[PDB]
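Heads up: the structure comes next, in structure tokens.
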Amino acid sequence: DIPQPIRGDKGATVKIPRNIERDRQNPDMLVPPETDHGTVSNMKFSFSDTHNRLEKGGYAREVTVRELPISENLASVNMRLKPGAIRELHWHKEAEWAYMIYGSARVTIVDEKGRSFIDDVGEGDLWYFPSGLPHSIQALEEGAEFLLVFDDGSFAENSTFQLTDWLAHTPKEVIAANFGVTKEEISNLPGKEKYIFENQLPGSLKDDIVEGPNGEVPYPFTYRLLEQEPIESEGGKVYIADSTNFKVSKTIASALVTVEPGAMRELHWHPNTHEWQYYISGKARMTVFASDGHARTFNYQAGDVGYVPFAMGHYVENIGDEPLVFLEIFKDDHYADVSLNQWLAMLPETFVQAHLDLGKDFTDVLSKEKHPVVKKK
Amino acid sequence: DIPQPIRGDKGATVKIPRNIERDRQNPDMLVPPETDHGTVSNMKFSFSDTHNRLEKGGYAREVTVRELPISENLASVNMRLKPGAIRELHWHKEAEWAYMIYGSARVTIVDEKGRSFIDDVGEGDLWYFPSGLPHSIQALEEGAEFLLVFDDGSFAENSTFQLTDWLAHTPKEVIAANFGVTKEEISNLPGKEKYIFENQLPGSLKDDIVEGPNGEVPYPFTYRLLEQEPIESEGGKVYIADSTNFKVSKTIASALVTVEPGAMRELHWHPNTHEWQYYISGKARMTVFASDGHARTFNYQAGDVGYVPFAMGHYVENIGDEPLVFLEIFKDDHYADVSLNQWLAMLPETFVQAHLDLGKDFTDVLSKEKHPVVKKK
Amino acid sequence: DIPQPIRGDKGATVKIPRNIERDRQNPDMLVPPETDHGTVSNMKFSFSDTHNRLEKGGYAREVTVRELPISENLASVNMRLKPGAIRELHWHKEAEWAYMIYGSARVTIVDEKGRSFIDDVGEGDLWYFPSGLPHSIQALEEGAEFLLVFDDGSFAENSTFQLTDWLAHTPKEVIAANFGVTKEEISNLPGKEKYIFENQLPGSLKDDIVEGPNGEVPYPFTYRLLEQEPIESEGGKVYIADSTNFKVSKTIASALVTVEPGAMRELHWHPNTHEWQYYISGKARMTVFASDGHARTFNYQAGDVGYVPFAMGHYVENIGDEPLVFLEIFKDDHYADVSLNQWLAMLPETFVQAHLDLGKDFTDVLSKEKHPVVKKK
Amino acid sequence: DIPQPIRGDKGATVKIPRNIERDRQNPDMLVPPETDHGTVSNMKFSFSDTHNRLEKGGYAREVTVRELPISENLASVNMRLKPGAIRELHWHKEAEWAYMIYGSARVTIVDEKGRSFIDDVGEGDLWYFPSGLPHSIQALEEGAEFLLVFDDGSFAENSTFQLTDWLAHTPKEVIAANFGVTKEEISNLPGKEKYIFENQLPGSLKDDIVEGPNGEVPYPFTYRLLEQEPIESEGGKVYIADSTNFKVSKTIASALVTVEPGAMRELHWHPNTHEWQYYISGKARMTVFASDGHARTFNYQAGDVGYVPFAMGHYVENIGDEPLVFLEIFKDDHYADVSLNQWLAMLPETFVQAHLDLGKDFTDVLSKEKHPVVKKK
Amino acid sequence: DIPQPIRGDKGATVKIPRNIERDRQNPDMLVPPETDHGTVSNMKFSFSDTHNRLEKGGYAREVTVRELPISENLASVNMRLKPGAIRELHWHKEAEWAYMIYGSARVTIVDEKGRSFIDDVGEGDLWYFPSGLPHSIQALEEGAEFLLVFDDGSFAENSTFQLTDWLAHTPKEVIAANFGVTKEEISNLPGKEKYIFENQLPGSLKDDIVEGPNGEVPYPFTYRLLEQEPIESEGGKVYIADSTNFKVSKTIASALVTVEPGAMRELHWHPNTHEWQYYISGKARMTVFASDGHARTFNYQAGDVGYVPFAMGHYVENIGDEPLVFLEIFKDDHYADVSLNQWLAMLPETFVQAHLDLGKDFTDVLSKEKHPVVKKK
Ligand SMILES: [Mn+2]
Ligand SMILES: [Mn+2]
Ligand SMILES: [Mn+2]
Ligand SMILES: [Mn+2]
Ligand SMILES: [Mn+2]
Ligand SMILES: [Mn+2]
Ligand SMILES: [Mn+2]
Ligand SMILES: [Mn+2]
Ligand SMILES: [Mn+2]
Ligand SMILES: [Mn+2]
């Protein structure tokens, strides 16, 4: 059918040419709750609304501060690799966090003491590469598709430092001197970057492990998130990875949230920093409460980026018939939330009643234990 | 069917949950031309992706620098009024330009010499209100739906100055002193803004005309764009309104462009300033050429805002079976373009051939007359 | 007596040590109108709250963006000269506008074509010196005290270019070459700036007039404001000087406003730019209406600087038993205001009634002629 | 010999490894005048200290805000073309002003009404191309070397819009549709920019002139500066070109100054805007007087860029045995200066004496006529 | 001879007046490698190109963000003191790091617990003074010349806080009250700063040591860098001082690099922060690789400051017949580099071959041990 921006006696039918498919995807934007009010920045952007860079071996598309200007500290790439295909040896200023949505991949990293780490990463696994440390990704037999987050919103995917691009713009006489070889011995070097290229599948992980004089890295750069025990509550599950458990992950804290149909990520805020969101599957709505009587509701579905500025109140409600699965990402060394429910449960009941003009029948339902995801009754 | 980001031997199928409706709307973003290259800012945003403010009497939703950060100088509201309904007497810092897409409306404006102008505006008509001059809109029997452009990208629709909001936050004793009345005589003033409110239809325009001691305004604040003779070329029509013909319109230059199926707005640029676009109907693609080998293609359809920064090369191609109708908007006192075709036609043919590695068979087709919209052969 | 921040059942007595003299000067800040609301920037600063630079011959103290951060475009100096005393030949980047509050003075200016202008300025007279044109002030037999406004808020009075400071930091060999003299002939030049210095009274103006080969300046740099016919209304008078009458005054528009006891500068705004205010005498209050339900009331008395950002609604009410006299200053080539009264008077009466929920008894009092200053009944 | 930073009893010999050639070029920086004082920004940069872009057909090197951060509004390219060689058809956001130091060249320009202008430019001639209007340069039989100034300091020479780069990043199907040709007919288009390329010498100017339906351009884009009558004074000559004589040159005012050995550009300032300088030949020093007792002396020779911020006092002294020849460039619609000598000459003599602690023997030498360049006695 | 900007068939002879001495110093800027490409900021500035402040007792000249705008975080002073001469007791906001190139000096520092440290510093020794802690320098019998680095690029040497300048601008009655003395007892205080002044040589260090009630400082503020064991490789030596060995040096990490003739600091980058460079002796070239196919080569010799932004690839090659000696400086708590050679050595050989289109003959030369400086074969 044909949705209209009408709420009781407010609003009207659209009379100009319009985008009905988009209107259908955004029911709480075309018809917001009556409780929404005031100017709030856009907190919503789709990867589908971005240019996709296509290469032999896969693709890469990004949502940055140029697409979503509220998110100045965090940016993201949706990258896809075909079986065997390689994301070229490269480095950047930004730390990089990743979540493997589909497939698997081999990563390499060498640290500033010349110690190497090589590991395979499967669905639900993470990696984190600290700023400036060089790395690669090679998809295994299924290919790979993953979400990357970089800890600067001004990140430009096209502007990373690539091995072959470095060498293509270094004098041949210097490269030859650097390695103790002749110019003729390096005449076959590529003339330009590769970036993403097709390649034969690698062999077993154990055969790739490189031994060196410098030791093992002190902490792994991968983490098996879904192998961890989640916080379990009535309507879903939360898996947290920050620097307290995934030790190397100093600038990125993360949680994978699953919300069953009829459930919601409860009313809460984060007392530490802004939240950046990626919707893996399902359909949600979220109201962002911006203080001073400002609040705005957004719709999200698979492929969307979301954002909640520092300390703004919010919830994420599943509004579909399938599980809602999304990531909460923070540029910090730890995850933290304040639960509205638990906060009030931990205060004298008469004081809460004095605030809410409600009685014992309300303060009796409050829980001193935090349940991040709650189920509707 | 199911589009995939695949171009020959480049790209791959999407393996994660995805937004197929959006992918279908953006064929040249999911599968860009091979000639696209480099980081280019987002130049595309849908009104469907914004919060819609619903009121008794209609609605208002906006695309600003908070949604589309490239557009720092220009912002826009899609406003809808039901029959008789009034957009409250108000003013703002920004100059306001409008295009009436549907219906009709009565506007009022009083200038800084106390001269008034009251006029009815129909489909295809414009208004322009200079910065800071107070005005109103009242829809007539059909209702009204129109596009507003303000000459600051930081514009916030919720933050305009409203008559009743001014009075609600002025001391009653001061209002009473201002008008020579008692506080009791103004006790019924509204306690808060109205903004948009339902009202009975007005009478005939001739009965509303207010006479004053200060004279007629020197220039009208409305303009009948579609009553003008357009530039006509093979594939469509261009109607231009800037300060040279619509005299009051000092900070906004505009053109309505119609492009037939199988036609395109030719390769050109604007030598004066950035272009802001609104797609009224149809489906388009545009490549923005950003220099230094940077170019990015965008898709647009009805309800979309587009942008072309100052001097970037572009075209707008109709990719549907219906007419493509869009507005080109500039914060300047005049419209100007440089046609790629006419530029080259006006140079010595051997000099052009020396540039393009093409011969007489090419330079023979160039035209010294500008045809803004051309038809495919 | 002892004022308390109490308004009906709101507020409380001050319980900590406090500044009672300041509280007494700010009755509408200690006890604001109930109609005030929200965060509004400070719009008020006293010259008494600034460091006064004392020199042999007088003094200078300033209110800049460093004191009043809302005023980024306009800054001000209160300067005093004793009889005969000279404000050293100097120039600056900023244009300078002045109002002579007390005494009289001789000014000199030489333009970029080598044409000179020398004139005497009395109480109520203005000068304007365009950016970068060199000038001096010498007080006559009464001394002089005047208010200066510069068209940059970052102005620093201590940082102007002085004749003798230029020469003190130029090599003697270069100064000698510049003028065709020996180094010995200029050995007595000052080692440092003078800035303000005592000097004998000058002779008659007619004896100082310098004739040159380059002609008379096309427009005078002084203006006799109080010799003009003011706009007269019931409660006071407005004298306007902008570039339309005081021709050289291209970047500063000004009005001197006198408001009788029991009168007010009516509810209005300026559709062109921000207003900067100086209170010469009397006591006032003003509410600044900042849109979106924001309004804040300020008190002012002699020696205060005030400010009203671009298009904000305001009035200035006399709250004392003596005349209120203040300047309204604008960085623009013209003065303009929109009168709330005249605006509504120029609209259909039923339309105004529909806005205000008031009837004919109200719209009957509106006046189509603007009266900037109105008297209480 | 070996210069040392020693001035009387101040300073000391350099004890670390040092750049003696640079020290020799900067005698007034290694040993500044005793009258210099305080922090002043760098106002000096050499083209010799920049990367030179070498192409088949010539070279281009630039001094921008990235080299000289004080110059935020103006940037410059030193470009060289071999005989016949072409600087590719291109456009940019910035207006472009040029001075032909060596050789000659043919320029083309087409304006936004499709009117063309084609002209030959010789040593001492100028061109000005308004922002966004497309143009080319082709050197004639002697080759050409010229100085370009762009009216934005952030200009990046590598980032201009080139004809062939536009076409290389536009879909072939779109280019074909634009011109009414087949894709096969344009298959030979270049794959990348040319920028500068070798080409056969053009024929006579008269044979290149293109006639069109749109008329002659209203104003020429070239100007014969050295054919004008200069201001002549004792020590040299000044040729001025601004928008009052070179009509199209709206954003750039310029003067070519020649200073004989033993002469100087007198003590003056500019009351309108900053000055950007290029030293064509000879050797100079200049003291920049920055107010508040700040002054710093700089050395300049051929290939140097200089700068004087808005209203700062200065002189330019020839310190070599050959003529000193330099350009003074301003982002404005007019040239203006205030002469220290003429300023003081136009004031009462006793008033000047009171300032300078000097007598009639000094004020007697002052001249009411401006002599921009003066000769030492 | 006379260098020309010609590389094979690219470039041309210079036809305008030029700076041949500078061209000779910059062979890789006049004729860059063909592998250089794109706009890169200036990364090069000479102390010889700065104003030298001369005082009785020595001199000081600086390279700041005003000279080298890329270096926003780090600034530098080249200071020289004659035997016995004192750099006045002073403090500043910035932390200060120093390297003693010539001579020796006595430093004093008192920390915020009133603990003092007094020590003599010789050639190759360092000091570090934390932000805001007061200090002095007095040259011993040889005089002293040293390089200072401050951890803010906006540093202004003329704007430090000096003991005597503090007292000269404090009321005498307050100074007298502060110390319990009469105004007459302090009447001989200087009227202005000293900054640098001549003084008799101090006695033995042991006689100056001041004992106090507050203890010894926990960490020394000097460090004997050249007494440390350097990293030794074939073509030179690297001495590192950061907060891990020179404990107080929390905001500055440093390395002294010596590169023999025919050697180079290998291809590497820094994964932590920008590098600031000072060339003590010799002649170098360095290519800065800026990503996205951007690279620019610079020449450096004694007296030059260099810069490499965060993570950009680089090498430093000795291009003279004497040792090359330079400092690498970082605003961080540690030194770190990633060696291109070691990185690739630590990866599977077939993976490296797949990247470089090179075989076993290349990957066989890679070394798992880092050699910062390598010798040509
Ligand atoms: Mn990466
Ligand atoms: Mn959250
Ligand atoms: Mn409006
Ligand atoms: Mn266009
Ligand atoms: Mn002045
Ligand atoms: Mn006002
Ligand atoms: Mn150009
Ligand atoms: Mn000048
Ligand atoms: Mn220090
Ligand atoms: Mn390094």
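Residue numbers (this note's numbering), protein chains in the order written: chain A, 1 to 377; chain B, 378 to 754; chain C, 755 to 1131; chain D, 1132 to 1508; chain E, 1509 to 1885. Just so it is clear, CB atoms sit at the ideal spot from N, CA and C, and this is done for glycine as well.
Applying a beta-carbon distance threshold of less than 9 Å, which residues of chain A neighbour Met406 of chain B? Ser48, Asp49, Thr50, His51, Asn52, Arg61
Based on the DSSP secondary-structure assignment, which residues constitute the bridge partners of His1399 of chain D? D:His1445, D:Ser1470
Can you tell me which of the three DSSP states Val1059 of chain C falls into? strand
Cα separation between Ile872 of chain C and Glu939 of chain C? 29 Å
Would the beta-carbon of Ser1380 of chain D fall within 8 Å of that of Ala1372 of chain D? A contact, by the Cβ cut-off of 8 Å.
Is it the case that the CB of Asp337 of chain A approaches a heavy atom of ligand 2 more closely than 7 Å? yes
Quick one, are the C-beta atoms of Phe197 of chain A and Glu88 of chain A less than 8 Å apart? yes
Tell me, which residues are paired with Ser858 of chain C by DSSP? For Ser858 of chain C, which the question treats as bridged, DSSP gives the partners C:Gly876.
So, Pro372 of chain A versus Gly320 of chain A, is the Cβ gap smaller than 8 Å? no
Inspect the beta-carbon positions of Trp1400 of chain D and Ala1426 of chain D and report whether they are closer than 8 Å. no
From the DSSP output, in three-state form, read off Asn912 of chain C for me. helix
Tell me whether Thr1301 of chain D, by its Cβ, gets closer than 7 Å to a heavy atom of ligand 1. no
What is the rounded straight-line gap between the Cα of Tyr856 of chain C and the Cα of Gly878 of chain C? 8 Å
Taking all protein chains shown into account, do 16 or more other C-beta atoms lie within 10 angstroms of the C-beta of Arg1019 of chain C, making it buried, or fewer, making it exposed? buried
Would you mind stating whether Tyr1032 of chain C and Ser830 of chain C have Cβ atoms separated by less than 8 Å? Between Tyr1032 of chain C and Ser830 of chain C, the C-beta spacing is below 8 Å.
Establish whether the CB of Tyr1431 of chain D and some CB of chain E are separated by less than 8 Å. no
Three-state secondary structure assigned by DSSP to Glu652 of chain B: strand
For a test of the three-state rule: what should DSSP assign to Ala849 of chain C, helix, strand or coil? coil
Does the distance from the C-beta atom of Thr251 of chain A to that of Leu126 of chain A stay below 8 Å? no
Can you find a CB in chain C that lies within less than 8 Å of the CB of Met1174 of chain D? no
Taking the DSSP output, what are the residues bridged to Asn1696 of chain E? Per DSSP, none; premise fails for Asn1696 of chain E.
Can you tell me where the beta strand (DSSP E) holding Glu1103 of chain C begins and where it ends? Unbroken run through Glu1103 of chain C is the alpha helix (DSSP H), 1103–1110; no beta strand (DSSP E).
Return the residue from the list E:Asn1586, E:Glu1563, E:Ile1578 that minimises the CA-CA distance to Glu1570 of chain E. Nearest option by C-alpha distance: E:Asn1586.
Looking at the C-beta of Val1062 of chain C, does it have a partner C-beta in chain B at a distance below 8 Å? no
Could you tell me whether the Cβ of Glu1198 of chain D comes closer than 8 Å to any Cβ of chain E? yes
Please check the pair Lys571 of chain B and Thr541 of chain B, which I expect to be a contact at CB under 8 Å, by giving their CB distance rounded to whole angstroms. 5 Å
Quick one, which of B:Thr650, B:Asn649, B:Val682, B:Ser668 has its alpha-carbon nearest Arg662 of chain B's? Of the candidates B:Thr650, B:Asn649, B:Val682, B:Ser668, the one whose C-alpha sits nearest the C-alpha of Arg662 of chain B is B:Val682.
Cβ-heavy atom distance between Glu1701 of chain E and ligand 1 below 7 Å? Checking the Cβ of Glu1701 of chain E against ligand 1 gives no.
Interfacial residues, the stretch 251–271 of chain A to chain G, with Cβ spacing under 7 Å: The structure shown contains no chain G; the protein chains it does contain are A, B, C, D and E.
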